[PDB]
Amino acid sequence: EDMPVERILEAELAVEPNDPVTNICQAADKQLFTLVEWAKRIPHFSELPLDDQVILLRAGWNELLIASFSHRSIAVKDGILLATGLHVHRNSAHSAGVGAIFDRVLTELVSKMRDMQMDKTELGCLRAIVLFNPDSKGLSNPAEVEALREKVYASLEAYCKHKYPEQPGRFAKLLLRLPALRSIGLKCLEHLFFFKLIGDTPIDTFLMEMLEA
């Protein structure tokens, strides 16, 4: 009703498109533009105060991009399919010194997404849950964000019960990828800060902006 999963799906479908780290950073910068477009299509997001929109995306962008790259990659063996039509294989990530983080993405996200055949609706909903993070520092109205989160997961749950009546734990199994996503997010972010600090990797403007105070 107020948080229709078909709209969340529509948001997902609407934005559908040398150095592995460089490619990743390049793909992330381009995908940040489309993430903004994605968020505007999440019911009620555009009705939040503009500062809260800014806060939710600054708090979530890395988790949200990781979620997308991971789900986009369920059809490949040991790599990630980035938005731009390029792949990054495990070996290539290992060769660039980011094998551990990359493997975590493969093992905790891509593989688990594949094993349960997480669909686009469930991904979108998980993403909207991540976007509506009421813990984000500075929100004008944390409770409204928590409410929107609640509406999303109520809808996701009903959706899973209807579409997967066979699997009573699927809803929880979905939500229980969120911690790994949080963790992997934080790690990918620290890597990124290091890349910027060292100056070893070109970082485009919107990605750069996301890494500013």
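Numbers follow the displayed sequence, beginning with 1.
Across the other PDB entries of this protein whose models span the neighbouring residues, residue 18 goes unmodelled in a third or more. Where coordinates are absent for parts of the deposited sequence, a chain break appears; between neighbours residue 17 and residue 18 it spans 10 or more residues. Stretches 122 to 130 and 74 to 82 differ in mean C-alpha B factor, with the higher average recorded for 74 to 82. Here the stretch with the larger average CA B-factor, out of 161 to 169 and 33 to 41, is 161 to 169. Looking at the C-alpha B-factors along this chain, the one for residue 95 belongs to the middle third. The entry lists a Cα temperature factor for residue 65 that places it in the lowest third of the chain's modelled residues. Sort the modelled residues of the chain by CA B factor and residue 105 lands in the lowest third. Per the PDB record, residue ranking by Cα B-factor puts residue 26 in the highest third of the chain.
Ranked against the other modelled residues of its chain, the C-alpha B-factor of residue 198 as given in the entry falls in the highest third.
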